[PDB]
Amino acid sequence: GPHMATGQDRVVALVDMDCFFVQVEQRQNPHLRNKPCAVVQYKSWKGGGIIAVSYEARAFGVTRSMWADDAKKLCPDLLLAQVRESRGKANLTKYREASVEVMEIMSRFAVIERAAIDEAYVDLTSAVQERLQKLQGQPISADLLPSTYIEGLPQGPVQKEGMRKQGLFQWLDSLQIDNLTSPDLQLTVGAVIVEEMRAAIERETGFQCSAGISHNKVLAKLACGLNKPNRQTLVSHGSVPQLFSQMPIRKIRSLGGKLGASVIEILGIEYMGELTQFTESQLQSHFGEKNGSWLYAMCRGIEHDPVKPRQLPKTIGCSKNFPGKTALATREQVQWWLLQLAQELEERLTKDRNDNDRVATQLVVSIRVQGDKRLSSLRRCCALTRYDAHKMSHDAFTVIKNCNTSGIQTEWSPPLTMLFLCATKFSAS
DNA sequence: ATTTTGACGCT
DNA sequence: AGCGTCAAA
Ligand SMILES: [Ca+2]
Ligand SMILES: [Mg+2]
Ligand SMILES: [Mg+2]
């Protein structure tokens, strides 16, 4: 009752760019705008692998991971943009730079946590308090929320936009605007701010995005996906029981893999809401102390993970796969590709040092051997003392050379299906 | 023969 | 330290 926390103490948003790499390419090439199109890496093998897909193309069934040749069977007029290739490998610089554009705009509004190349969490609690003081009891107009959905509404006693407006009207007609401590009002002001933030992103970059607004990161992330693209969704604390009552467990962030499968298998449930019937101790007994407490609160819509103040990635990495017959089988091959990776890494590190006043101090080398299901077969670290590609490639070879079983120095066995260099452990400079 | 990333947890 | 999990385009 009066002491039961309800996880309504924060306003958190998650902003996620729509079909991000596709929008980057469509901004650059107006011929691709408003078309079924996809972004592909490599072209020789089955037309290249698709990594991003416009919503027009998704209507034909085109998805990520599809070979372009196969996507063309579903969508013969599909347009394609290719990821840049440099030093023999795909190079994602254009998308990293577009990401910086968006992150820098979002940072003007509030502290953000960079969650991926195209998404960030936003802690809006303080901004909401400020805006509520500015508003001075003034009601919030639907015109301030032109792309907002209120999850769960409309309810009670045939076009999409019509439903959106009906739900928003019910919500705003039911708000108590004089209570500055009302969580629902705080979320609503949050959504007003997010409309402003999304408008700024689109104005200043050309890119559209979706967003979720709720009381914590997990619900904000879930909310964001409910009405893509180019829309935002408010998930209130009160919407949680109905929302979770038919929500597959795997849809909640962190439960899409083995742990989620085990929750389903061990407990014999399917939906997030069903978790409420277990005690905290029961959940801890199956999934561990940390996961158990997290599940117990999360299934009630409560999560405390903070929006971390971090706009920049903590690692800078470069990797290449060598699938099937292309696996690296000679020492020379391994050294040449380590050099290519190290040269890209050097370029990115030097730019990072100039832009962000920091230097990486550890180099992580990872390889995969043909026949291993795991992404990485072996990982070794060494000191990163100079931004020099020849030194980094030599040091990586030094730390992995003993993995070569082959009695012949010139041959590498078992062949390598992957090389990965990652700069970590940044210090101020 | 998706590939190329990035964060964080465990021991 | 080195390995595993989960998530992005
Ligand atoms: Ca996205
Ligand atoms: Mg994303
Ligand atoms: Mg996606």
Side-chain angles (χ1 to χ4, degrees), chain A residues 14 16-25 38-54 63-71 81-86 89-96 98-99 102 113-121 207 217-218 221 224-225 250-262 287-291 294 305 308 310 312-324 326-327 341 344-345 348 362 364-367 370 372 374 376-382 399-400 417-425:
Chain A
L14 183 276
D16 180 89
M17 307 307 295
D18 298 329
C19 52
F20 185 49
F21 288 14
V22 165
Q23 290 197 84
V24 177
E25 297 294 335
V39 174
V40 288
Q41 278 178 148
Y42 307 121
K43 210 76 187 81
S44 70
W45 186 267
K46 296 177 177 291
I50 291 172
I51 60 173
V53 186
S54 79
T63 67
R64 169 172 301 128
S65 86
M66 203 164 266
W67 298 116
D69 284 351
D70 293 334
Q82 292 181 250
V83 176
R84 173 182 179 177
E85 288 179 47
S86 301
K89 64 182 293 302
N91 185 294
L92 306 171
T93 300
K94 186 194 304 183
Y95 316 108
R96 291 193 185 98
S99 175
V102 173
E113 179 183 340
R114 180 199 198 271
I117 195 159
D118 87 321
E119 71 203 77
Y121 294 96
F207 303 144
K217 293 162 71 180
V218 164
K221 174 63 169 168
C224 184
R250 64 180 178 273
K251 302 299 184 178
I252 287 63
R253 196 199 77 190
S254 84
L255 301 181
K258 296 178 179 186
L259 171 63
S262 74
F287 312 112
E289 181 182 319
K290 187 171 172 179
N291 285 334
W294 183 87
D305 186 37
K308 296 183 176 56
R310 183 186 57 81
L312 304 169
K314 302 159 104 230
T315 57
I316 296 181
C318 303
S319 80
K320 181 141 184 46
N321 294 349
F322 303 98
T326 72
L341 296 177
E344 178 184 333
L345 185 59
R348 286 165 57 194
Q362 183 178 78
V364 174
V365 187
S366 177
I367 66 178
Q370 199 154 53
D372 191 331
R374 306 171 295 168
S376 164
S377 297
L378 183 133
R379 251 168 297 160
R380 292 292 190 263
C381 59
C382 65
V399 304
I400 73 167
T417 52
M418 184 275 277
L419 296 177
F420 186 12
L421 297 181
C422 186
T424 70
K425 297 193 184 310

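Reminder, nothing fancy here: chain letters follow the sequence lines and each chain counts from 1. Computed from heavy atoms alone, side chains included, the values below leave out hydrogens, waters and symmetry copies.
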Please give, in whole Å, the distance from [N] [atom2] to [X] [atom1]?
X      : N     : atom1 : atom2 : answer
A:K290 : B:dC8 : NZ    : P     : 10 Å
A:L255 : B:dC8 : CG    : P     : 17 Å
A:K217 : B:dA7 : NZ    : P     : 12 Å
A:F20  : B:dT5 : CZ    : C1'   : 14 Å
A:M17  : C:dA9 : CE    : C1'   : 13 Å
A:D372 : B:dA1 : CG    : P     : 12 Å

Pair [X] + [Y]: basic N to acidic O under 4.0 Å:
X      : Y      : value
A:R348 : A:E344 : yes
A:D69  : A:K46  : no
A:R114 : A:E119 : no

Can you tell which of [options] lies closest to the side chain of [X]?
X      : options             : value
A:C381 : B:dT2, C:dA9, C:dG2 : C:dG2
A:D118 : C:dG4, C:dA9, B:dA1 : C:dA9
A:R379 : B:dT3, B:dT5, C:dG2 : C:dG2
A:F21  : B:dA1, C:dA9, C:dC3 : C:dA9
A:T315 : B:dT3, B:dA7, C:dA9 : B:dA7
A:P323 : B:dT3, C:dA9, B:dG6 : B:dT3
A:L259 : B:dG6, C:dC6, C:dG4 : C:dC6
A:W45  : B:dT5, B:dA7, B:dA1 : B:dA1

Any residue meeting side-chain hydrogen bond (donor to acceptor under 3.5 Å, both in side chains) with A:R250, in chain and number order, not counting sequence neighbours: none

With rounding to whole Å, what would you report as the distance between B:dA1 and C:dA9 at their P atoms? 25 Å

Nearest 0.5 Å, what's the CD1-CZ distance between A:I51 and A:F21? 5.0 Å

What contact category does [X] fall into here, base, sugar-phosphate, or nothing, at under 4.0 angstrom with non-hydrogen atoms?
X      : result
A:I50  : base
A:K221 : sugar-phosphate
A:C422 : nothing
A:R64  : base
A:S65  : base
A:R348 : sugar-phosphate
A:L92  : sugar-phosphate
A:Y95  : nothing
A:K46  : nothing

Could you check whether atom CD of A:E289 has more than 12 heavy atoms from other residues, nucleotides or ligands sitting under 6.0 Å from it? no

When you match A:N291 and A:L341 each to their closest nucleotide on DNA chain B, which lands nearer the 5' end? A:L341

